[PDB]
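The chain below stands alone and is given in structure tokens; this is the form deposited in one PDB entry.
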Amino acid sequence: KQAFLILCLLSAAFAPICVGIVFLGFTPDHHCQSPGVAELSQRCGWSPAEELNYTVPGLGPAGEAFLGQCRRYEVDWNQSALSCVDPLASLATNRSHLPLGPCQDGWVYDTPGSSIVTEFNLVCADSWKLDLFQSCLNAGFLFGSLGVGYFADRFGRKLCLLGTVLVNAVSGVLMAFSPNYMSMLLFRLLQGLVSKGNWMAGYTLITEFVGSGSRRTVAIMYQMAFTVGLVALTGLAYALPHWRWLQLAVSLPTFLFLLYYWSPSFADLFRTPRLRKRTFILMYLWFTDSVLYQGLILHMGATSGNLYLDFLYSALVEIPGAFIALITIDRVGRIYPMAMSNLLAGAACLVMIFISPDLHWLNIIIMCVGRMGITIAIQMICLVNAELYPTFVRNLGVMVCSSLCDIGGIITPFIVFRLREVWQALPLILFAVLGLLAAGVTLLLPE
């Protein structure tokens, strides 16, 4: 059981890679930096809130945070004629008539730490570039899911695994030293090429080593290790407030993992109408579950008012989800539990639309229920997908079904970030529709 610790570490360290954007890429409050505002504030003695009151454009009806975050007044603050009580009052009849311009001189972020958003200025016009951080990782996942099988077929298995683990560790450490956004994106793609391949290889090894009398228990323990990795990520993110500090502390543990040492065809899946239907349903279920999981995590990261405690509470509820899945697998079945778990997540996403922002105590409960639901659904599907295919084409079908997860991971970040700008509740509407459809579709599969 000595190698069990390192094989579980291989899965625990995979958590910060796919979920670390919540802490490495947070967006703090910001406004246009102005050169003459600071001197006037020191002259008059403005408090931090009074400076925002007197300088940044107001919100107005319907929120409209765009005018305050991406625009500024072009008034010459260097003029001594400005009164300390209200400098904008004597300039015009109303503040709406003042000229506006972009933040030419930069931005001011109200945070003690840092992130990729604050360092690369991924705000306003460039705000879509933050979505590329996860899309590049998921494109790397998709390409690796094809490349790694070819590499392992034409090269030594153990040497290939060692090489991929070393590549992942080196790319993770190097990304903490990235000088610009393009190199960071390239390192992210390189890391995503090998991360999921290594995770799947470790899972396959740990399932092959253990006999049939304990395969399910170890498979569940593999996800328990991911949950423990999420908890450790939350702790490290609380301890290290800078994104470069957090990135090194995430990648370095995988280095000690190496330091511890020192024919089926694609056309087959759709040749039969029943097999075609099962393949389509499994593809849709994998896509829906991946979209729901990633979107819920990103939405929590983007809208929660207490990120650390919400993330900790959401991560913990996965463990009861794993226990419930384990109890329900051998007593009830696979179709009804999966349908119920998907319906629970869909209903939780639907309810969160109407909850008022001040009812945080209920919002966190609904979020935890939804996370437990998607966790149970994923645990069920990880067995349903595998056991619904014959042994001859089981692995190829599993790979094809899992590629839909990577495609959904590619698409998801633009749904959560960009579509929320059009309307805040729209991503939740999409998630509710997808969850309800997944609940409905699941019933068609045979028991």
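Position 1 is the first residue in the sequence shown; the rest follow in order. Just so we're on the same page, rigid core means the largest C-alpha set that superposes within 1.5 Å between forms.
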| property | result |
| --- | --- |
| Residue 261 coordinate gap across at least a third of other entries | yes |
| Continuity check for residue 262 and residue 263, given as deposited residues lacking coordinates between them | 10 or more |
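The same protein has a further form, the form deposited in another entry, not shown here; the description that follows concerns it.
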property: Identity of the moved residue from 88, 139, 249, 205, C-alpha shift 2 angstroms or more, core fit between the shown form and the other one; result: 88
property: Residue shift check between the shown form and the other one, rigid core fit, residue 239 Cα at least 2 Å; result: no
property: Yes/no, residue 229 Cα shift of 2 Å or more between the shown form and the other one with rigid core fixed; result: no
property: Residue shift check between the shown form and the other one, rigid core fit, residue 182 Cα at least 2 Å; result: no
property: Change in CA distance between residue 295 and residue 247 in the other form, which is 3 Å or more, as closer or farther; result: farther
property: Outcome for the Cα pair residue 198, residue 390 in the other form, compared with this form (closer or farther; change of 3 Å or more); result: closer
